[PDB]
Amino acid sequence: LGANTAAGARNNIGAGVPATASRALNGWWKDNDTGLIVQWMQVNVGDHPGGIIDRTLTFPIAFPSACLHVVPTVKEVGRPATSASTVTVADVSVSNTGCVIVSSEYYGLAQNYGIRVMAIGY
């Protein structure tokens, strides 16, 4: 083993450490080798009223240093008049604690949509 400590042992045999996770609907996974954190979350919104709608989403845990990337998509909660695919999204701002997602619609009927976000950071 060439050492008397766990850290020294792993370094000498080139081993990594276990990842950790919260395996929840709004959850996260952390690589404890590099510190990278991946998170995923969702929020149910309801109908899109038209125009431009901003919504703040809070990550399951805060990134300790930075959020590097977000991946926003649309979920359908129900189909009252038309499908949630008539709503589209883009990210407005990204922070260590959450993001702002903007949505708009291209069909003016009632939806029941939600927003999903996957995020990468550390």
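Quick note: we count residues from 1 along the sequence shown, nothing fancier.
Chemist: Tell me which stretch, 112 to 120 or 2 to 10, has the higher mean Cα B-factor listed in the entry.
Modeler: Averaging CA B-factors over each stretch, the winner is 2 to 10.
Chemist: Between 95 to 103 and 14 to 22, name whichever shows the higher mean Cα B factor according to the PDB entry.
Modeler: Going by the record's values, the stretch with the higher mean is 14 to 22.
Chemist: Of the options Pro60, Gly78, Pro72, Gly35, which has the highest CA B factor as deposited?
Modeler: Out of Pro60, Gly78, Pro72, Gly35, the record gives the largest C-alpha B-factor to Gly78.
Chemist: In terms of CA temperature factor as recorded, identify the highest of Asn44, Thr82, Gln39, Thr88.
Modeler: The record points to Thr82.
Chemist: Could you say whether, by C-alpha temperature factor, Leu68 belongs to the lowest, middle or highest third of its chain?
Modeler: Lowest third.
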